[PDB]
Amino acid sequence: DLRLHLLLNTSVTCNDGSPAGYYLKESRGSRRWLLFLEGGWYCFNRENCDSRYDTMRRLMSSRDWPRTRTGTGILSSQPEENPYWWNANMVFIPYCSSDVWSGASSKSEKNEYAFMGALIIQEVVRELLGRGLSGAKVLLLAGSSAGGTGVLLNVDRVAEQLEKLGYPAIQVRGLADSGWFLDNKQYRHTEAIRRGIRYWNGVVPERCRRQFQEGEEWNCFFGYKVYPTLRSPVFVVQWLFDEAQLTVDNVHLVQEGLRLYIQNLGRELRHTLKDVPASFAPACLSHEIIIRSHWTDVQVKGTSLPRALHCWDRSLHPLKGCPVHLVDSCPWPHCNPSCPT
Ligand SMILES: Cc1ccc(C)c(OC(=O)c2ccncc2)c1
Ligand SMILES: *[C@@H]1O[C@H](CO)[C@@H](O)[C@H](O)[C@H]1NC(C)=O
């Protein structure tokens, strides 16, 4: 079990002004630290945030959080469940800012809600340095869905923060799960991101911001555009037929037009990953994420995700029998027999 700690700086808050926090399980025989960002869509104006506050309140508030959580999948401490990093120090950071981990805006006389995702990550890191993170060799910033996009937006800021605080020996890396989206044409008929950034005072990585310039920061929420601007090593996990991508595209899984649309989407996703040397992209229709207990089952070309992640660790010390670039080439959901059932 991971134990809850509410932030000691109580001005770094969830949407409703309650303190943000993190769940921690220490492993004193390890210098590896895994910090996982929870996902769960976002809200982008007063009216849709009010609706989320009525029926998704744990994603906007710490008032009802439980004292403990069980680590699962990549956050499990059992070797059978987690062949990759079972002995690491484990951190789960709840998503209570509704801003894709991008916000830097406090509640005030003009703001009904606080959007502080980018500042929550910074404050968690700062408070962990006093609890053993100061001695780490590797900090892996991981996350799923909105948390996976959050990794892409924040990994280089964590690296810069640790450099400026005087910890240049900690190697910062990212693991983005299910957060690599395409700004494609819908099957039936990006503005939500543009509106959100303004409402949240959202921030994006500086090298990407300098390319797209003022007003066009929404581009940096798209992995294929932001990834080439990043300096930290990043491993990308993405289903070729991701269910959230299909939802945004107004597809609900077939006649000829939809067959062509689905095949073209898988081809486009594969194309965006061609020059991503550390990646795992199975040809499956899924919303399943890396904290699920059976995450070990899926394989690409005979290699599982825990194995590919281990090979990535070795590569940061190509390797014989230890691949890190694993992208399916077959063109239809479940053409890989190991897809989640
Ligand atoms: C679940 C989730 C979390 C965060 C983001 C940014 C998501 O993607 C989009 O909002 C988006 C995708 C493609 N075209 C336009 C918009 C989806
Ligand atoms: C608490 O966090 C805010 C926002 O990052 C910061 O401005 C403030 O200085 C912090 N307080 C302390 C005591 O560090």
# chains A, B, ... in the order shown; residues from 1 in each chain; ligands from 1

call {"tool": "residues_around", "arguments": {"residues": "segment 115-123 of chain A", "least_positions_apart": "5", "cutoff": "6 Å", "atoms": "only C-alpha atoms", "output": "JSON, numbers by chain"}}
result
{"A": [15, 97, 101, 102, 103, 104, 105, 200]}

call {"tool": "select_by_dssp", "arguments": {"residues": "segment 155-280 of chain A", "states": "strand (DSSP E)", "output": "PyMOL selection string"}}
result
chain A and resi 171-177+234-237+241-242+279-280

call {"tool": "closest_atom_pairs", "arguments": {"of": "chain A", "to": "ligand 1", "cutoff": "8 Å", "atoms": "only C-alpha atoms and all ligand atoms", "output": "JSON lines"}}
result
{"residue": "A:39", "atom": "CA", "partner": "ligand 1", "partner_atom_place_in_ligand_line": "3 (C)", "distance": 7.2}
{"residue": "A:40", "atom": "CA", "partner": "ligand 1", "partner_atom_place_in_ligand_line": "1 (C)", "distance": 6.2}
{"residue": "A:41", "atom": "CA", "partner": "ligand 1", "partner_atom_place_in_ligand_line": "3 (C)", "distance": 4.4}
{"residue": "A:42", "atom": "CA", "partner": "ligand 1", "partner_atom_place_in_ligand_line": "3 (C)", "distance": 6.7}
{"residue": "A:100", "atom": "CA", "partner": "ligand 1", "partner_atom_place_in_ligand_line": "4 (C)", "distance": 6.0}
{"residue": "A:145", "atom": "CA", "partner": "ligand 1", "partner_atom_place_in_ligand_line": "1 (C)", "distance": 5.3}
{"residue": "A:146", "atom": "CA", "partner": "ligand 1", "partner_atom_place_in_ligand_line": "3 (C)", "distance": 4.0}
{"residue": "A:147", "atom": "CA", "partner": "ligand 1", "partner_atom_place_in_ligand_line": "3 (C)", "distance": 7.7}
{"residue": "A:149", "atom": "CA", "partner": "ligand 1", "partner_atom_place_in_ligand_line": "4 (C)", "distance": 6.5}
{"residue": "A:179", "atom": "CA", "partner": "ligand 1", "partner_atom_place_in_ligand_line": "4 (C)", "distance": 6.7}
{"residue": "A:181", "atom": "CA", "partner": "ligand 1", "partner_atom_place_in_ligand_line": "12 (C)", "distance": 5.3}
{"residue": "A:182", "atom": "CA", "partner": "ligand 1", "partner_atom_place_in_ligand_line": "13 (C)", "distance": 5.2}
{"residue": "A:183", "atom": "CA", "partner": "ligand 1", "partner_atom_place_in_ligand_line": "14 (N)", "distance": 4.3}
{"residue": "A:184", "atom": "CA", "partner": "ligand 1", "partner_atom_place_in_ligand_line": "14 (N)", "distance": 6.4}
{"residue": "A:190", "atom": "CA", "partner": "ligand 1", "partner_atom_place_in_ligand_line": "15 (C)", "distance": 4.2}
{"residue": "A:191", "atom": "CA", "partner": "ligand 1", "partner_atom_place_in_ligand_line": "15 (C)", "distance": 7.6}
{"residue": "A:192", "atom": "CA", "partner": "ligand 1", "partner_atom_place_in_ligand_line": "10 (O)", "distance": 6.9}
{"residue": "A:193", "atom": "CA", "partner": "ligand 1", "partner_atom_place_in_ligand_line": "10 (O)", "distance": 6.3}
{"residue": "A:221", "atom": "CA", "partner": "ligand 1", "partner_atom_place_in_ligand_line": "6 (C)", "distance": 6.2}
{"residue": "A:222", "atom": "CA", "partner": "ligand 1", "partner_atom_place_in_ligand_line": "6 (C)", "distance": 7.6}
{"residue": "A:244", "atom": "CA", "partner": "ligand 1", "partner_atom_place_in_ligand_line": "1 (C)", "distance": 5.4}
{"residue": "A:245", "atom": "CA", "partner": "ligand 1", "partner_atom_place_in_ligand_line": "12 (C)", "distance": 5.9}
{"residue": "A:248", "atom": "CA", "partner": "ligand 1", "partner_atom_place_in_ligand_line": "13 (C)", "distance": 6.0}
{"residue": "A:249", "atom": "CA", "partner": "ligand 1", "partner_atom_place_in_ligand_line": "13 (C)", "distance": 7.5}

call {"tool": "write_last_selection", "arguments": {"atoms": "C-alpha atoms", "output": "PDB file, in the first residue's frame"}}
result
ATOM      1  CA  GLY A  39      -5.495  10.618 -16.027  1.00  0.00           C
ATOM      2  CA  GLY A  40      -9.163  11.478 -16.642  1.00  0.00           C
ATOM      3  CA  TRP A  41     -10.148  13.962 -19.428  1.00  0.00           C
ATOM      4  CA  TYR A  42     -10.341  17.696 -18.451  1.00  0.00           C
ATOM      5  CA  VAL A 100      -3.994  17.964 -18.519  1.00  0.00           C
ATOM      6  CA  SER A 145      -4.197   9.271 -20.800  1.00  0.00           C
ATOM      7  CA  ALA A 146      -4.291  12.925 -19.629  1.00  0.00           C
ATOM      8  CA  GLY A 147      -1.334  11.913 -17.416  1.00  0.00           C
ATOM      9  CA  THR A 149       0.126  13.964 -22.221  1.00  0.00           C
ATOM     10  CA  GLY A 179      -1.368  10.307 -24.393  1.00  0.00           C
ATOM     11  CA  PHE A 181      -3.031  11.920 -30.056  1.00  0.00           C
ATOM     12  CA  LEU A 182      -3.596  13.007 -33.677  1.00  0.00           C
ATOM     13  CA  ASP A 183      -5.266  16.312 -34.612  1.00  0.00           C
ATOM     14  CA  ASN A 184      -7.040  14.537 -37.476  1.00  0.00           C
ATOM     15  CA  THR A 190      -8.777  21.121 -30.904  1.00  0.00           C
ATOM     16  CA  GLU A 191     -10.841  24.169 -29.917  1.00  0.00           C
ATOM     17  CA  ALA A 192     -11.438  22.598 -26.489  1.00  0.00           C
ATOM     18  CA  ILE A 193      -7.662  22.594 -25.883  1.00  0.00           C
ATOM     19  CA  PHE A 221      -0.408  19.019 -26.598  1.00  0.00           C
ATOM     20  CA  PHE A 222       0.163  16.716 -29.652  1.00  0.00           C
ATOM     21  CA  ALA A 244     -10.212   8.058 -26.552  1.00  0.00           C
ATOM     22  CA  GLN A 245      -8.879   9.067 -29.995  1.00  0.00           C
ATOM     23  CA  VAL A 248     -12.895  12.453 -30.176  1.00  0.00           C
ATOM     24  CA  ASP A 249     -13.238  11.318 -33.834  1.00  0.00           C
TER      25      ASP A 249
END

call {"tool": "atom_distance", "arguments": {"atom1": "atom CA of residue 127 of chain A", "atom2": "atom CA of residue 7 of chain A"}}
result
7.8 Å

call {"tool": "closest_residue", "arguments": {"among": "A:283, A:114, A:4, A:56", "to": "ligand 2", "atoms": "only C-alpha atoms and all ligand atoms"}}
result
A:114

call {"tool": "closest_atom_pairs", "arguments": {"of": "chain A", "to": "ligand 2", "cutoff": "6 Å", "atoms": "only C-alpha atoms and all ligand atoms", "output": "tab-separated table"}}
result
residue	atom	partner	partner_atom_place_in_ligand_line	distance
A:9	CA	ligand 2	1 (C)	4.9
A:11	CA	ligand 2	1 (C)	5.4
A:12	CA	ligand 2	2 (O)	5.5
A:119	CA	ligand 2	5 (O)	5.8

call {"tool": "residues_around", "arguments": {"residues": "residue 27 of chain A", "least_positions_apart": "2", "cutoff": "9 Å", "atoms": "only C-alpha atoms", "output": "tab-separated table (two decimals) with N, CA and C atoms, in the first residue's frame"}}
result
chain	number	residue	atom	x	y	z
A	25	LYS	N	5.07	4.89	-1.37
A	25	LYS	CA	5.63	3.69	-0.74
A	25	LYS	C	7.14	3.72	-0.94
A	29	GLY	N	16.06	0.19	-0.06
A	29	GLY	CA	17.16	-0.43	-0.78
A	29	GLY	C	17.25	-0.09	-2.26
A	30	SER	N	16.61	1.00	-2.70
A	30	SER	CA	16.55	1.35	-4.12
A	30	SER	C	16.78	2.84	-4.34
A	31	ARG	N	17.53	3.17	-5.40
A	31	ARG	CA	17.70	4.55	-5.82
A	31	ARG	C	16.88	4.90	-7.06
A	32	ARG	N	15.87	4.09	-7.38
A	32	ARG	CA	14.94	4.37	-8.47
A	32	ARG	C	13.61	4.88	-7.92
A	87	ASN	N	10.99	-3.21	-7.26
A	87	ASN	CA	11.69	-2.77	-6.06
A	87	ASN	C	11.87	-1.25	-5.98
A	88	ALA	N	11.27	-0.47	-6.89
A	88	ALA	CA	11.45	0.98	-6.88
A	88	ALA	C	10.65	1.66	-5.75
A	89	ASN	N	11.04	2.91	-5.44
A	89	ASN	CA	10.17	3.80	-4.67
A	89	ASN	C	8.99	4.23	-5.53
A	90	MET	N	7.77	4.06	-5.02
A	90	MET	CA	6.54	4.24	-5.79
A	90	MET	C	5.76	5.48	-5.36

call {"tool": "closest_residue", "arguments": {"among": "A:305, A:330, A:276, A:234", "to": "residue 264 of chain A", "atoms": "only C-alpha atoms"}}
result
A:330

call {"tool": "residues_around", "arguments": {"residues": "residue 295 of chain A", "least_positions_apart": "3", "cutoff": "12 Å", "atoms": "only C-alpha atoms", "output": "ChimeraX atom specification"}}
result
/A:72-76,80-84,177,237,288-292,298-299,304-307,338-340

call {"tool": "closest_residue", "arguments": {"among": "A:125, A:138, A:285, A:153", "to": "residue 335 of chain A", "atoms": "only C-alpha atoms"}}
result
A:285

call {"tool": "residues_around", "arguments": {"residues": "residue 2 of chain A", "least_positions_apart": "2", "cutoff": "7 Å", "atoms": "only C-alpha atoms", "output": "PyMOL selection string"}}
result
chain A and resi 4+23-25+68-71

call {"tool": "write_last_selection", "arguments": {"atoms": "N, CA and C atoms", "output": "PDB file, in the first residue's frame"}}
result
ATOM      1  N   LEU A   4      -1.088   8.216   1.726  1.00  0.00           N
ATOM      2  CA  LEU A   4      -1.346   9.609   1.356  1.00  0.00           C
ATOM      3  C   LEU A   4      -0.541  10.615   2.188  1.00  0.00           C
ATOM      4  N   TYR A  23       0.620   9.843  -3.035  1.00  0.00           N
ATOM      5  CA  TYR A  23       0.668   8.583  -2.287  1.00  0.00           C
ATOM      6  C   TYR A  23       2.058   7.987  -2.483  1.00  0.00           C
ATOM      7  N   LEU A  24       2.690   7.528  -1.396  1.00  0.00           N
ATOM      8  CA  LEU A  24       4.095   7.114  -1.401  1.00  0.00           C
ATOM      9  C   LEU A  24       4.283   5.756  -0.734  1.00  0.00           C
ATOM     10  N   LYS A  25       5.073   4.888  -1.374  1.00  0.00           N
ATOM     11  CA  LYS A  25       5.626   3.687  -0.737  1.00  0.00           C
ATOM     12  C   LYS A  25       7.136   3.717  -0.940  1.00  0.00           C
ATOM     13  N   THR A  68      -5.037   5.403   1.960  1.00  0.00           N
ATOM     14  CA  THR A  68      -4.101   4.524   1.270  1.00  0.00           C
ATOM     15  C   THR A  68      -4.668   4.127  -0.089  1.00  0.00           C
ATOM     16  N   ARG A  69      -3.776   3.631  -0.949  1.00  0.00           N
ATOM     17  CA  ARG A  69      -4.114   3.050  -2.245  1.00  0.00           C
ATOM     18  C   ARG A  69      -3.205   1.852  -2.471  1.00  0.00           C
ATOM     19  N   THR A  70      -3.677   0.881  -3.254  1.00  0.00           N
ATOM     20  CA  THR A  70      -2.866  -0.284  -3.588  1.00  0.00           C
ATOM     21  C   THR A  70      -2.164  -0.043  -4.917  1.00  0.00           C
ATOM     22  N   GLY A  71      -0.854  -0.282  -4.960  1.00  0.00           N
ATOM     23  CA  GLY A  71      -0.122  -0.153  -6.217  1.00  0.00           C
ATOM     24  C   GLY A  71      -0.372  -1.343  -7.132  1.00  0.00           C
TER      25      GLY A  71
END

call {"tool": "atom_distance", "arguments": {"atom1": "atom CA of residue 159 of chain A", "atom2": "atom CA of residue 43 of chain A"}}
result
27.8 Å

call {"tool": "residues_around", "arguments": {"residues": "residue 270 of chain A", "least_positions_apart": "2", "cutoff": "9 Å", "atoms": "only C-alpha atoms", "output": "MDAnalysis selection string"}}
result
chainID A and resid 240 265:268 272:274 281 327:329

call {"tool": "closest_residue", "arguments": {"among": "A:20, A:262, A:236, A:49", "to": "residue 93 of chain A", "atoms": "only C-alpha atoms"}}
result
A:20

call {"tool": "atom_distance", "arguments": {"atom1": "atom CA of residue 44 of chain A", "atom2": "atom CA of residue 109 of chain A"}}
result
18.6 Å

call {"tool": "residues_around", "arguments": {"residues": "residue 310 of chain A", "least_positions_apart": "2", "cutoff": "12 Å", "atoms": "only C-alpha atoms", "output": "PyMOL selection string"}}
result
chain A and resi 82-86+235+278+303-308+312-317+319+321-324

call {"tool": "write_last_selection", "arguments": {"atoms": "N, CA and C atoms", "output": "CSV table (one decimal), in the first residue's frame"}}
result
chain,number,residue,atom,x,y,z
A,82,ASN,N,4.9,-7.1,-11.6
A,82,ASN,CA,5.7,-6.0,-12.1
A,82,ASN,C,7.2,-6.5,-12.3
A,83,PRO,N,7.4,-7.2,-13.5
A,83,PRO,CA,8.8,-7.7,-13.7
A,83,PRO,C,9.8,-6.5,-13.9
A,84,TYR,N,9.3,-5.3,-14.3
A,84,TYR,CA,10.2,-4.2,-14.6
A,84,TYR,C,10.8,-3.5,-13.4
A,85,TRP,N,10.0,-2.9,-12.5
A,85,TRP,CA,10.5,-2.0,-11.4
A,85,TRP,C,9.9,-2.3,-10.1
A,86,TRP,N,9.7,-3.6,-9.7
A,86,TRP,CA,9.0,-4.0,-8.5
A,86,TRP,C,9.7,-3.4,-7.2
A,235,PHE,N,9.9,7.3,-23.4
A,235,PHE,CA,9.4,6.0,-24.0
A,235,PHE,C,7.8,6.2,-24.2
A,278,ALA,N,12.2,4.6,-28.8
A,278,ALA,CA,11.7,3.8,-27.6
A,278,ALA,C,10.2,3.9,-27.6
A,303,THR,N,7.7,-9.6,-27.8
A,303,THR,CA,8.3,-8.9,-26.7
A,303,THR,C,7.2,-8.1,-25.9
A,304,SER,N,7.2,-8.3,-24.6
A,304,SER,CA,6.2,-7.6,-23.7
A,304,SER,C,6.7,-6.2,-23.3
A,305,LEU,N,5.7,-5.4,-22.8
A,305,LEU,CA,6.1,-4.1,-22.4
A,305,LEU,C,7.1,-4.1,-21.2
A,306,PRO,N,6.9,-4.9,-20.2
A,306,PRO,CA,8.0,-4.9,-19.1
A,306,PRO,C,9.3,-5.2,-19.7
A,307,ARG,N,9.4,-6.2,-20.7
A,307,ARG,CA,10.7,-6.5,-21.3
A,307,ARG,C,11.3,-5.3,-22.0
A,308,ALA,N,10.4,-4.6,-22.9
A,308,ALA,CA,10.9,-3.5,-23.7
A,308,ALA,C,11.4,-2.4,-22.7
A,312,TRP,N,15.1,-0.7,-22.5
A,312,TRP,CA,15.3,0.7,-22.5
A,312,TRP,C,16.3,1.1,-21.4
A,313,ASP,N,16.1,0.6,-20.2
A,313,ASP,CA,17.0,0.9,-19.1
A,313,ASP,C,18.5,0.5,-19.5
A,314,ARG,N,18.6,-0.7,-20.1
A,314,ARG,CA,20.0,-1.1,-20.5
A,314,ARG,C,20.5,-0.2,-21.6
A,315,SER,N,19.7,0.3,-22.5
A,315,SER,CA,20.2,1.2,-23.6
A,315,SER,C,20.7,2.5,-23.0
A,316,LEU,N,20.2,2.9,-21.8
A,316,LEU,CA,20.6,4.2,-21.2
A,316,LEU,C,21.7,4.0,-20.2
A,317,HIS,N,22.3,2.8,-20.0
A,317,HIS,CA,23.5,2.7,-19.3
A,317,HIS,C,24.6,3.5,-20.0
A,319,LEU,N,20.7,-3.6,-29.0
A,319,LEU,CA,21.1,-4.7,-28.1
A,319,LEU,C,20.6,-6.0,-28.7
A,321,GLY,N,18.8,-9.3,-29.0
A,321,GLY,CA,17.6,-9.9,-28.4
A,321,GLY,C,16.9,-9.0,-27.4
A,322,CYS,N,17.2,-7.7,-27.3
A,322,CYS,CA,16.6,-6.8,-26.3
A,322,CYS,C,16.1,-5.5,-27.1
A,323,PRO,N,14.9,-5.6,-27.8
A,323,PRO,CA,14.5,-4.5,-28.6
A,323,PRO,C,13.7,-3.4,-27.8
A,324,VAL,N,13.8,-2.2,-28.3
A,324,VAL,CA,13.1,-1.0,-27.7
A,324,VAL,C,12.1,-0.3,-28.6

call {"tool": "closest_residue", "arguments": {"among": "A:189, A:228, A:300, A:194", "to": "residue 250 of chain A", "atoms": "only C-alpha atoms"}}
result
A:189

call {"tool": "closest_residue", "arguments": {"among": "A:239, A:320, A:1, A:202", "to": "residue 78 of chain A", "atoms": "only C-alpha atoms"}}
result
A:1
